[PDB]
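Peer 1: sequence isn't available, so here's the structure alone:
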């Protein structure tokens, strides 16, 4: 699996479960076109987003619909969503894990890129 | 100043200087329309982006140009930029401070919102 | 002020007010000796902990009493406190700002170090 | 496994590998006594720290020797180490994953507690 997304909840200290995640790739005319999407599991992870063949170099945006997540749990969300924008670079064989740590008014995201 | 941005470099333990920041605001046609932009100073802070009058209700997107910042310092960053999207002044004017902590492959961003 | 602490609440998007902070400094016998303590103000900042004269070289430990802070606000935090340990003024006096971002089960802490 | 530790490197966007981790439990006289320790693997993880039987309620401190880690890679570390202090509470069945994200002058730590 070339691209993984893991989402954690910093309030409850648990994985962010029923979370919608949309991945877009930047089209030649700079528009963002749907690339992949899904909902985090009970482990806060989303696998099977794409395949090695489809995941070509280019700019990608991982959009995490955090607002709905926090609303369900009664917290008042700050962000509309979390946006992770990056360039997939082939240079060598790589796997991407976009990790996101969420709080109502804050979030962190790290990219773990392994061989 | 109703919208400020402060950026820190977690590798150097100092303000993130000369970081370009672009603010957009969702238009009626769901298009991201340019709202304001600037760059952080020696203290890693960006003030004067907009005024209370101009900063009306809306969904804003604050794009912090992290990639350009790291590249200029000789690093190989992962992200293109940090994108902070949020609805503003939904219940009256508020002062927003968008803080961002930067590392080549990871960044934190957290808003401090106060009633003026 | 050579050692400042600033704390933010990532759940409320505001300064972390009334947060007790205890500073210790490793003694000759490797014991943690009390150095200074205080609590953050309405702006989530703690100034006046020590002076340049008193803040000598050494390994310091800044304990941010996060648990007491969350409990008082009705939350069930994971950590007892945030512990920032670091060697200070190893190459001359420096001004240190220990910043901490708090959530019930997670916290970030990052130092901004500048030459006066 | 009751207690896990995962360490990531935010500079290189990879797991913090050869990292020493010491776990201490607070003794009745408030001193910190050795409880467990090891070195993160190639996946930046440390399993087998303790057993369900030995992991009793109490206050624990996870010390991550980050200074040596950064020195090896040529970065100038700020912290002597990362310290995660917490109370193990039985109330229900739980697993602890102490995650730490490291940067030379900054680090984050989250506690993921699952059933």
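Peer 2: Now that the structure is in, tell me what you want to look at. Numbers count the residues shown, from 1 in each chain, chains lettered A, B, ... in the order given.
Peer 1: and the residue nearest the centre of chain A, what helix or strand is that in?
Peer 2: Centroid-nearest residue in chain A: residue A:62, 4.3 Å away (criterion: Cα atoms, centre = their mean). Using DSSP states H and E, residue A:62 falls within strand A:58-64.
Peer 1: what's that strand in contact with?
Peer 2: A:3, A:5, A:7, A:19-26, A:32, A:35, A:81-88, A:98, A:100, A:102, B:80, B:83 (Cβ atoms under 8 Å, 6 or more residues apart in numbering or on different chains). Quick note: C-beta positions are derived from backbone N, CA and C, even for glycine.
Peer 1: buried ones only from the residues you listed, please, as a PyMOL command.
Peer 2: Here is the PyMOL selection string for the buried members of the contacts of strand A:58-64, based on 16 or more other Cβ atoms under 10 Å in any protein chain shown:
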select buried, (chain A and resi 3+5+7+19+20+21+22+23+24+25+26+32+35+81+82+83+84+85+86+88+98+100+102) or (chain B and resi 80+83)
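Peer 1: among the contacts of strand A:58-64, which are in strands?
Peer 2: A:3, A:5, A:7, A:20-26, A:32, A:35, A:81-88, A:98, A:100, A:102, B:80, B:83 (DSSP state E).
Peer 1: show me the contacts for residue A:103.
Peer 2: A:10-11, B:110, C:10-11, C:103, C:106.
Peer 1: likewise for residue A:1?
Peer 2: So residue A:1 contacts A:47-49, A:95 (Cβ under 8 Å, 6+ apart).
Peer 1: quick one: end-to-end length of stretch A:44-61, please.
Peer 2: 19 Å (Cα to Cα, to the nearest Å).
Peer 1: quick one: contacts of stretch A:84-94?
Peer 2: A:2, A:55-64, A:96, A:98, A:100, A:109, A:111, A:113-115, B:78-81, B:83.
Peer 1: could you tell me the end-to-end distance of it?
Peer 2: Start-to-end, stretch A:84-94 (Cα to Cα) is 18 Å.
Peer 1: then stretch A:35-50?
Peer 2: 8 Å.
Peer 1: equivalent analysis for stretch A:67-78, please.
Peer 2: 7 Å.
Peer 1: please name the nearest non-neighbouring residue to residue A:106.
Peer 2: residue B:110 (3.1 Å; Cβ to Cβ, 6 or more residues apart in numbering or on different chains).
Peer 1: bridging residues for the one you found?
Peer 2: residue A:106, residue B:99 (DSSP bridges).
Peer 1: I figured residue A:20 was touching residue A:66, is that so?
Peer 2: No - assessed by Cβ atoms under 8 Å, residue A:20 is found out of contact with residue A:66, at 9.3 Å.
Peer 1: select, from the contacts of residue A:1, the two members most distant in space.
Peer 2: A:48 and A:95 (13.5 Å; Cβ to Cβ).
Peer 1: show me what contacts residue A:35?
Peer 2: Taking Cβ under 8 Å, 6+ apart, one finds A:23-25, A:50, A:60 in contact with residue A:35.
Peer 1: quick check: the farthest pair among these?
Peer 2: A:24 and A:50, at 11.8 Å, using Cβ to Cβ across the contacts of residue A:35.
Peer 1: in chain A, what residue is nearest chain B?
Peer 2: At 3.1 Å from chain B, residue A:106 is the closest residue in chain A, using Cβ to the nearest Cβ.
Peer 1: which residues touch that residue?
Peer 2: A:10, A:78, B:108-111, C:8, C:10, C:13, C:101, C:103.
Peer 1: looking at those, which is nearest chain D?
Peer 2: residue A:10 (5.8 Å).
Peer 1: right, and the closest one touches residue A:102 too?
Peer 2: Yes - Residue A:10 lies in contact with residue A:102 (Cβ under 8 Å); the separation is 6.1 Å.
Peer 1: how close does residue A:16 sit to chain C?
Peer 2: Computed as Cβ to the nearest Cβ, to the nearest Å, the residue A:16 to chain C distance reads 12 Å.
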